[PDB]
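Listed here are the chains, written in short residue letters.
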Amino acid sequence: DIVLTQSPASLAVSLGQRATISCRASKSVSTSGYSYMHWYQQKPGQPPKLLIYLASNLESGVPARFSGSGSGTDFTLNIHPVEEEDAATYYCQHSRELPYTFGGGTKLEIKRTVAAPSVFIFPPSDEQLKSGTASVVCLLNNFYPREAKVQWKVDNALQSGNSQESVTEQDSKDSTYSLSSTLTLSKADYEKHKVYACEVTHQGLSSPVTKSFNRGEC
Amino acid sequence: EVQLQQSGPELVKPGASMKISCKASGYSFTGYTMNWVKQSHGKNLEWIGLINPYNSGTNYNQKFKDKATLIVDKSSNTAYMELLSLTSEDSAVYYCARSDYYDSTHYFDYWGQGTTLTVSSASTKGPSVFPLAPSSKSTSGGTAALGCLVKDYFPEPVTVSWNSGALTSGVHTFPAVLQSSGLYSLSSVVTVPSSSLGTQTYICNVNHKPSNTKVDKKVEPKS
Amino acid sequence: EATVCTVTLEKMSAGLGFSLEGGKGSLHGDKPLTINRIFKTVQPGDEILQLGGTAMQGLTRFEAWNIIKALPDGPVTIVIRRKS
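Calculation rules
- Residues numbered from 1 in each chain as written, not as in the entry; some residues may be left out.
- Chains lettered and ligands numbered in written order.
- Heavy atoms only, no water.
- Helix = DSSP H or I, 4+ residues; strand = E, 2+ residues; numbered from the N terminus.
- Rg over C-alpha atoms; globule rule 2.2 N^0.38 Å.
- Buried < 20%, exposed > 50% of the residue type's maximum accessible area, 1.4 Å probe, protein only.
- Contact = heavy atoms within 4.5 Å.
- Buried area = accessible area lost by both parts, 1.4 Å probe.
- Salt bridge = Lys/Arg side-chain N within 4 Å of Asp/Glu carboxyl O.
- Polar contact = N/O pair within 3.5 Å; in protein donor to acceptor, adjacent residues only side chain to side chain.
- Nonpolar A, V, L, I, M, F, W, Y, C, P; charged D, E, K, R; others polar.
- 1 Å grid on protein atoms, 1.4 Å probe; cavity = no way out; pocket = protein on both sides within 12 Å on 5 of 7 lines; lining within 4 Å.
- Points joined across faces, edges and corners; volume = space filled by probe spheres on them.
- Domains from an automatic or database assignment.
- Pairing = 2+ DSSP bridges.
- Axes fitted to C-alpha atoms, helices over the stretch in contact; angles between N-to-C directions.
- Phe/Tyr/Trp six-rings, centres within 6.5 Å; stacked < 30°, edge-to-face > 60°.

**Remarks on the overall build of chain A**
Across its full length, chain A carries two helices and 21 strands. Here chain A has a C-alpha radius of gyration of 23 Å; the compact-globule value for 218 residues is 17 Å, and the former is much larger. Overall, the C-alpha framework of chain A stretches about 75 × 35 × 30 Å when taken along its three principal axes. By the burial criterion, 49% of the 218 residues in chain A qualify as buried.

**Side note on the interface of chain C and chain A**
If you look at the interface, chain C gives seven residues, while chain A gives nine residues. For the chain C face of the interface with chain A, the top three residues by lost area are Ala14(C), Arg37(C) and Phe39(C), together amounting to 63%. At the junction of chain C with chain A, the criterion picks out one salt bridge. One salt bridge connects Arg37(C) with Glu59(A), and the closest N-O pair in it is separated by 2.9 Å. Counting across the interface, chain C meets chain A through four residue pairs in polar contact. Across the side of chain C that touches chain A, the residue classes break down as three nonpolar, two polar and two charged.

**A closer look at the layout of surface pockets**
It is the rolling of a water-molecule-sized probe over the atoms that shows where space remains empty. Considering only enclosed or pocket space, the second largest pocket measures out at about 1100 Å³ in volume. Going through the elements one at a time, β14 (118-122), α1 (126-129), α2 (187-192) and β21 (209-214) of chain A together with β12 (128-132), β13 (143-153) and β19 (213-218) of chain B are the ones with two or more residues in the lining of the second largest pocket. Residues belonging to the lining of the second largest pocket are distributed by class as follows: 18 nonpolar, ten polar and eleven charged.

**Describing the domain arrangement of chain B**
Residues and elements named next belong to chain B. The domain architecture assigned to chain B consists of domain 1 (1-121) and domain 2 (122-223). One C-alpha centre belongs to domain 1, the other to domain 2, and the line joining them spans 32 Å. With six residues of domain 1 in contact, the opposing surface of domain 2 contributes nine residues. Between domain 1 and domain 2, the buried area comes to about 600 Å², and carbon and sulfur atoms account for 67% of it. There are zero salt bridges connecting domain 1 and domain 2. Counting every contact that joins domain 1 to domain 2 gives one residue pair in polar contact. Looking at the side of domain 1 that touches domain 2 residue by residue, the classes come out as two nonpolar, four polar and no charged.

**Observations concerning the domain arrangement of chain A**
All names here are of chain A. Along its sequence, chain A is organised into domain 1 (1-112) and domain 2 (113-215). Centre-to-centre, using C-alpha coordinates, domain 1 lies 38 Å away from domain 2. Each side of the interface is counted separately: domain 1 has nine residues, and domain 2 has twelve residues. Taking both sides of the interface into account, the surface hidden between domain 1 and domain 2 amounts to around 890 Å²; carbon and sulfur atoms contribute 45%. Counting the surface domain 1 buries against domain 2, the share from its top three residues, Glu84, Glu109 and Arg112, is 67%. Run the count over domain 1 and domain 2 and you get zero salt bridges. Linking domain 1 to domain 2 there are five residue pairs in polar contact. When the residues that make up the side of domain 1 that touches domain 2 are grouped by side-chain class, the tally is four nonpolar, no polar and five charged.

**Observations regarding the sheet that holds strand β10 (residues 74-79) of chain A**
Residue and element names in this part refer to chain A. In space, the four strands of this open sheet follow the order β1-β3-β10-β9, with antiparallel pairing throughout. Looking along the sheet, the strands with just one partner apiece sit at the ends: β1 (4-7) and β9 (66-71). Between one strand axis and the next, the sheet turns through 20 degrees on average, direction left out of account.

**Structural notes on the sheet that holds strand β3 (residues 18-25) of chain B**
Residue and element names in this part refer to chain B. With respect to topology, four strands assemble into an open sheet ordered β1-β3-β8-β7, the strand pairing being antiparallel. A strand with exactly one partner marks an edge of an open sheet, and here the two such strands are β1 (3-6) and β7 (68-73). Averaged over all neighbouring strand pairs, the angle between strand axes comes to 20 degrees, with direction disregarded. As judged from the six bridges shared by β3 and strand β8 (residues 78-83), these two strands associate in the antiparallel manner. The residue bridging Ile20 from the neighbouring strand is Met81, located in β8.

**What about unusual backbone geometry?**
Cis geometry is adopted by the peptide bond preceding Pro99(A), which originates at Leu98(A) and carries an omega value of -5 degrees. Cis peptide bonds are those with omega within 30 degrees of zero, and the linkage from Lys222(B) to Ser223(B) qualifies with -25 degrees. Although it is not a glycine, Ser175(A) sits at a positive phi angle of roughly 65 degrees. On the secondary structure map, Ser175(A) appears in the loop between β18 (163-167) and β19 (177-186). The phi torsion at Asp152(B) lies on the positive side, around 70 degrees, for a residue other than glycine. With respect to the helices, strands and loops of the structure, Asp152(B) is situated in strand β13. For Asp152(B), a relative accessible area of 22% corresponds to the partly exposed category.

**Here's the deal with the interface of chain A and chain B**
Taken residue by residue, the interface counts 43 residues in chain A and 43 residues in chain B. Summed over the shared surface of chain A and chain B, the result is two salt bridges. With its nearest N and O atoms 3.6 Å apart, the salt bridge here joins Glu127(A) to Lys217(B). Summed over the shared surface of chain A and chain B, the result is 16 residue pairs in polar contact. Elements supplying a minimum of two residues to the side of chain A that touches chain B: β6 (37-42), β7 (49-53), β11 (88-94), β14, α1, β15 (133-143), β18 and β19 of chain A. Among the elements that take part in the side of chain A that touches chain B, β15(A) stands out by supplying six residues, more than any other. Residue classes in the side of chain A that touches chain B are distributed as 20 nonpolar, 17 polar and six charged.

**Overview of the packing of aromatic side chains**
For the coordinates displayed, the defined rule picks out 22 aromatic pairs over all chains. On the numbers, 5.4 Å between centres and 10 degrees between planes, the contact of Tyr196(A) with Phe213(A) is stacked. Here the residue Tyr196(A) occupies a position in strand β20 (residues 195-201), and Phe213(A) occupies one in strand β21, the gap between them amounting to 17 residues. By relative accessible area, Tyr196(A) is classed as buried at 1%. Three or more aromatic residues link up through ring pairs in this structure, and these residues are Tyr40(A), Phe102(A), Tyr95(B), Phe108(B) and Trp111(B).

Listed below in structure tokens is the structure:
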């Protein structure tokens, strides 16, 4: 079977700059005047979208900033000038012979200016508390770069091992990320304590930011 | 114009089989080959096989020869893929995609939306949906965040929208997390102007098809 | 208004370098086979009337492909109809 190797595995590129992604095939995919090599873009939650077919042809409706070139065993996808909505994973695919195969993908990050998160904390709802569990949620909204640190404290006791984080894909419009951190507590424990706090560290903050609430207050 | 509509997500027990459908519209079904593709977290994108609906002629990836069977139904413009003796290795998103055999070009120019299959002996569980109420200390300036916590469901996926899709700007629906319990949870949040909190209604629409659980939860300033 | 003319294409091992749409029993009923894409004399929207000795009237898209596959390598005479 033909193996497609993409390079790099990931890259970051500034707005208006040039992104270059390569695909190398384990043997030639050119024959009869064609190179049977195609390029796809995939954003989370969506199928791949065809960008370039037969190595260098632009699929209808695809913006002219995408182009491809190459032949034999070596191909390259170019995007220029790069825009916010090009944040995605890019894939190559050959149809030279059976079986058709795909490369491993290249994730493209759009660089932008440092942006500090807006931070929000959410107490457990009364509806949840009925069921014996309490979730406390800390949201970090629209920041860059992706690296962020979240620390939970309950009555100044550092919480370790009882929270989970989730991070969005890079936003297609402002190139930022968002992050939630969910602290899980039994209802009994939630009611034993008063101060609930999450502390956020990030490059865009001069000092750490804390959001907190006191249980039973508004 | 062209649409490929796949059947819904499914939870299936190890050793069973299941069929995924792909209904084609907006073009001549028997004029183009239909491909099936697997996307997983192990090998990511893999081509399974294709079928020409004109004569049901097929080519398989040999890795899938004993796993997949392709058929079509001309009278309903539908392609089917049957997956046999399922294991957890078969848990993945599956896609149908159209290709053209003219000059053997076979690029995949139209795709179905994907079908999430989970192979597991655990049973289905619908989510509880809890509000993430906007803080009373939201700046009058100002911007407020609100959301809903979609907790303790199995299997993936869940879809969330806001105000029946009339609200999309500022929405963040997070990737689900797997809890130690073996159940998933996710949050969806949105930022809105603080001034709107008094007048505008915010409802998060949650759909978990594998348990047929559909919920509309109004999220209000507490209270 | 439309012109019928004769053109010559090269049959390569893969095919003739275009894709057809339409034909018998296609989307909007029975329509002619037309070129909708040149994979890179003929142009998109050209109606194919004859490929070598085979008349295209009443053929499905797949039948037309088998006609193309059987064509010997080298030059192939083709009759098309083109608008205005």
